[PDB]
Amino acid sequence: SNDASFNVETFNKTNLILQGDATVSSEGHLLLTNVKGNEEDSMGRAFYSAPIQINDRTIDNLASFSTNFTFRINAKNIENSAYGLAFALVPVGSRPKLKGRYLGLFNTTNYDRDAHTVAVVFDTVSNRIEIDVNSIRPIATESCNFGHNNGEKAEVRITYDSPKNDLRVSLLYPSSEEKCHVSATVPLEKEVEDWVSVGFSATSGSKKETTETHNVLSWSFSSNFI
């Protein structure tokens, strides 16, 4: 097996795979979508350059992982923004999919086993944290008012306890002290490939008034077999 961790105190494009409109600012923040110019239908993705082993066939053992990151979404109109930001596990070498509500991660509305993608979505359209497993129809959600915290930093903690197939998400907006959480049972070994690229993806609104930016400020990840 292979364990791996990284702690991104400030982003640098050198160790990332940037796709779409994703860029790293001079301040070292990950800008997933356009922050200037045409933000309509802007889409970007970014993954750590090294693949992460999730399933080691030889030991019939699965890895557990933990990832913490902070982000900030800044919308034009806090009551009509879209679409959201997502943390995702995707196939190594994969290219962006559909924009809009597909978040650049999916290309069909219904379940598609061949997608091999799991994502934790911070949906600004519905104001919910959603766990999407190979489809945009969430297997679990919980309301989380992102709009009330427009332009504020959110601290997120995601853990995957493999023995229990337990994926847990906790979010906190220190400014308002709003907390959001959601968990779901997801057998990763069946839903994603043996190795995956971990990262983020985001899509901005299709019209002038529904645009918003999606920036990740810091990010640490750790996976290990046990």
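Just count from 1 along the sequence shown to find any residue number.
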Stretch with higher mean Cα temperature factor, 138-146 vs 102-110, is 102-110
Once average C-alpha B-factors are taken from the entry for 88-96 and 75-83, the winner is 75-83
From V196, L31, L62, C180, the top C-alpha temperature factor is at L62
Per the deposited entry, the peak Cα B-factor within the set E39, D166, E27, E191 goes to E39
The third of the chain into which the C-alpha temperature factor of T58 falls is the highest
Chain thirds by Cα B factor, record data; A50 belongs to the lowest
Assert third(CA B-factor, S176) within chain per record equals highest
Of the three thirds of Cα B-factor ranks in this chain, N2 occupies the middle
On the chain's distribution of Cα B-factors, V121 falls within the third called lowest
